[PDB]
Amino acid sequence: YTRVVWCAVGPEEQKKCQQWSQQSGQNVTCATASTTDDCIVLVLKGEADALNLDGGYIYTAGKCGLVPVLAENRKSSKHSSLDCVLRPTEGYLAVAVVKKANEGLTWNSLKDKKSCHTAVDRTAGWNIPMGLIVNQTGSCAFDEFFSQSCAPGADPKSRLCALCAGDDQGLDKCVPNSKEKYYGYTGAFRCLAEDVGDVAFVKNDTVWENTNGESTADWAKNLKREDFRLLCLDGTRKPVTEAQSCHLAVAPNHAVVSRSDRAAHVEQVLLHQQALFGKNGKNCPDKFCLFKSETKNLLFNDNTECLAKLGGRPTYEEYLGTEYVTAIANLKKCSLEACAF
Ligand SMILES: *[C@@H]1O[C@H](CO)[C@@H](O[C@@H]2O[C@H](CO)[C@@H](O[C@@H]3O[C@H](CO)[C@@H](O)[C@H](O)[C@@H]3O)[C@H](O)[C@H]2NC(C)=O)[C@H](O)[C@H]1NC(C)=O
Ligand SMILES: *[C@@H]1O[C@H](CO)[C@@H](O[C@@H]2O[C@H](CO)[C@@H](O[C@H]3O[C@H](CO)[C@@H](O)[C@H](O)[C@@H]3O)[C@H](O)[C@H]2NC(C)=O)[C@H](O)[C@H]1NC(C)=O
Ligand SMILES: *[C@@H]1O[C@H](CO)[C@@H](O[C@@H]2O[C@H](CO)[C@@H](O)[C@H](O)[C@H]2NC(C)=O)[C@H](O)[C@H]1NC(C)=O
Ligand SMILES: CS(=O)(=O)Nc1ccc([N+](=O)[O-])cc1Oc1ccccc1
Ligand SMILES: [Fe+3]
Ligand SMILES: [Zn+2]
Ligand SMILES: [Zn+2]
C-alpha cells in the first residue's frame, strides 16, 4: 500500500482527479499531461502509475512494455448471476453515424465529405474507419480522403483539423484532450449533431447516451434518435437500433494500464477504490462517484458499471485480440518492433 499516481489528460480530468485524490485520503494522487502520449511517457519514467486507455493507445503503450490491468465493464445481459468484476468484457460497437436528413449518403459516398473523428490513434474514431478506408482505396493517402475533418492530434494547420473548434476561446484547436470542443466520443458526435461534419465515427453507446433526453447538454437536449442513421459496410443505412447488424467492427473495452512491475499494486488499490466510489460504492453518490463526470467521460467512461479483473493474465496483444492487432499494424505501415518513445 503506497499511493497510486493517476495520470490525468487535460485540465478537466485533472480537476476530477484532484477531487478523487481529496476523497481518497491521498491514497490516489494525480499527475497531469496535455496528451495521452505524454501520460504514457510519465508512466514509463515512473512519475505516474496508471491511466485508463482506449484500445488504440493500449497498443502504443504495450509496445513500450505497459500492461493492461483492469478493463471497463458496462451493462449486459449474458452471465446474469456473475458479478461485474468477474464478468467477461463484451467489447463495444464501432459505428459510422450520419443525419437522416442527409439522404443518399452511404459508406460508398464518403469521399470528399466531412468527418468527425474522436482523436487520431483511437479505436472507433481513427483506427477502424481509416483502416477500412485505406484497405478499400488501396492507398495510404488517408490525409486526402475527406475534404475536411476534425481529428484531434493531427497537424493543426492540415485538413484533418479544419473542422476542430478548439476551446471556448479558440485556443488549443485540435489538441487530443477534452479541451477540444469536438474531442472524444461525445465531441465527435456533437460535431455531427451541429452539422459541422457529415459523419462521426464513435461507438453505438454514444448515440443512445446523447439523444432523446438522455443528456441535458444544450447541444443535445433536443436531439432525436430517429434523426440519425448508421452506415453499414454493405452500402445500406439502418436505424441506430440495428447496431448489432450494422457496425464497422467490435472494439475491445477501454482498460487501465501500468508498468508491469507496478500492476499488482495498482490493481489492489483500484478494486478498493471502486468499492468506495463505484456504481454502488459506499461513498457514491453521497460524496464522489468515480464513473460520473456528466456525459463528459472523464478518466473513465460515464457508462462504466465497474472495472473488471481481466483473467488469463493477458499480454496487451491478447487483450486487444489478434484481428485488431493486425488491423493496427497494417494501418501503421502507412505513416514493427520498437517503442515509439
Ligand atoms: C448501443 O448502446 C446502447 C446504450 O449504450 C445499448 O442499449 C441499452 O440496452 C441495455 C441492455 O440491453 C439496457 O441496459 C439495461 O439496464 C436495465 C436497467 O433498467 C436492465 O433492465 C437491463 O438488464 C439492461 O442491462 C439499456 O437500458 C439500453 N440503453 C439505453 C440508453 O437505452 C446497446 O447495448 C448498444 N447496442 C449495440 C447493438 O451495441
Ligand atoms: C483490411 O484488409 C487487410 C488485408 O486484407 C486486413 O488485414 C488482415 O487482417 C486479417 C484478420 O486480422 C488477417 O487475415 C488472416 O486470416 C485468418 C483470419 O484472421 C488468420 O488466421 C490468418 O493468419 C491471416 O493472417 C491478415 O493477416 C491481415 N492482412 C495482412 C496484410 O496481414 C484487415 O483486417 C482489413 N481491415 C479491416 C478494418 O477490416
Ligand atoms: C487508504 O488505503 C488504506 C490501505 O488500503 C486503507 O486503510 C485500510 O483500511 C482497511 C479497512 O479495514 C484495512 O483492511 C487495511 O488494513 C487498512 N490498511 C492499512 C494497513 O493501513 C484506507 O481505507 C484507504 N482510504 C481510502 C479513503 O481509500
Ligand atoms: C484469443 S485472443 O488472444 O484474445 N485474440 C483474439 C480475440 C478476439 C477475436 N475475435 O475475432 O473476436 C480474435 C482473436 O485472435 C484471432 C483472430 C483470427 C484468427 C486467429 C486468432
Ligand atoms: Fe474507444
Ligand atoms: Zn461484426
Ligand atoms: Zn496468455
# chains A, B, ... in the order shown; residues from 1 in each chain; ligands from 1
call {"tool": "residues_around", "arguments": {"residues": "region 277-279 of chain A", "least_positions_apart": "3", "cutoff": "8 Å", "atoms": "only C-alpha atoms", "output": "NGL selection string"}}
result
:A and (273-274 or 282-285 or 288-291 or 305-306)
call {"tool": "residues_around", "arguments": {"residues": "residue 18 (chain A)", "least_positions_apart": "3", "cutoff": "12 Å", "atoms": "only C-alpha atoms", "output": "ChimeraX atom specification"}}
result
/A:5-8,11-15,21-32,288,290,299
call {"tool": "closest_atom_pairs", "arguments": {"of": "chain A", "to": "ligand 2", "cutoff": "8 Å", "atoms": "only C-alpha atoms and all ligand atoms", "output": "JSON lines"}}
result
{"residue": "A:127", "atom": "CA", "partner": "ligand 2", "partner_atom_place_in_ligand_line": "38 (C)", "distance": 7.9}
{"residue": "A:128", "atom": "CA", "partner": "ligand 2", "partner_atom_place_in_ligand_line": "38 (C)", "distance": 5.2}
{"residue": "A:129", "atom": "CA", "partner": "ligand 2", "partner_atom_place_in_ligand_line": "38 (C)", "distance": 6.8}
{"residue": "A:130", "atom": "CA", "partner": "ligand 2", "partner_atom_place_in_ligand_line": "38 (C)", "distance": 7.8}
{"residue": "A:131", "atom": "CA", "partner": "ligand 2", "partner_atom_place_in_ligand_line": "38 (C)", "distance": 5.0}
{"residue": "A:132", "atom": "CA", "partner": "ligand 2", "partner_atom_place_in_ligand_line": "38 (C)", "distance": 4.0}
{"residue": "A:133", "atom": "CA", "partner": "ligand 2", "partner_atom_place_in_ligand_line": "38 (C)", "distance": 7.8}
{"residue": "A:134", "atom": "CA", "partner": "ligand 2", "partner_atom_place_in_ligand_line": "1 (C)", "distance": 7.6}
{"residue": "A:135", "atom": "CA", "partner": "ligand 2", "partner_atom_place_in_ligand_line": "1 (C)", "distance": 4.8}
{"residue": "A:136", "atom": "CA", "partner": "ligand 2", "partner_atom_place_in_ligand_line": "1 (C)", "distance": 7.4}
{"residue": "A:248", "atom": "CA", "partner": "ligand 2", "partner_atom_place_in_ligand_line": "38 (C)", "distance": 7.4}
{"residue": "A:249", "atom": "CA", "partner": "ligand 2", "partner_atom_place_in_ligand_line": "38 (C)", "distance": 7.3}
{"residue": "A:322", "atom": "CA", "partner": "ligand 2", "partner_atom_place_in_ligand_line": "12 (O)", "distance": 6.0}
{"residue": "A:323", "atom": "CA", "partner": "ligand 2", "partner_atom_place_in_ligand_line": "12 (O)", "distance": 3.2}
{"residue": "A:324", "atom": "CA", "partner": "ligand 2", "partner_atom_place_in_ligand_line": "12 (O)", "distance": 6.0}
{"residue": "A:325", "atom": "CA", "partner": "ligand 2", "partner_atom_place_in_ligand_line": "12 (O)", "distance": 7.1}
{"residue": "A:326", "atom": "CA", "partner": "ligand 2", "partner_atom_place_in_ligand_line": "12 (O)", "distance": 5.0}
{"residue": "A:327", "atom": "CA", "partner": "ligand 2", "partner_atom_place_in_ligand_line": "33 (C)", "distance": 4.9}
{"residue": "A:330", "atom": "CA", "partner": "ligand 2", "partner_atom_place_in_ligand_line": "31 (C)", "distance": 6.3}
call {"tool": "closest_atom_pairs", "arguments": {"of": "chain A", "to": "ligand 7", "cutoff": "7 Å", "atoms": "only C-alpha atoms and all ligand atoms", "output": "Markdown table"}}
result
| residue | atom | partner | partner_atom_place_in_ligand_line | distance |
| --- | --- | --- | --- | --- |
| A:312 | CA | ligand 7 | 1 (Zn) | 5.7 |
| A:313 | CA | ligand 7 | 1 (Zn) | 6.0 |
| A:314 | CA | ligand 7 | 1 (Zn) | 4.9 |
| A:315 | CA | ligand 7 | 1 (Zn) | 6.2 |
| A:318 | CA | ligand 7 | 1 (Zn) | 6.5 |
call {"tool": "residues_around", "arguments": {"residues": "region 250-253 of chain A", "least_positions_apart": "3", "cutoff": "7 Å", "atoms": "only C-alpha atoms", "output": "list in words"}}
result
residues 55, 71, 72, 89, 91, 92, 93, 94, 123 and 320 of chain A
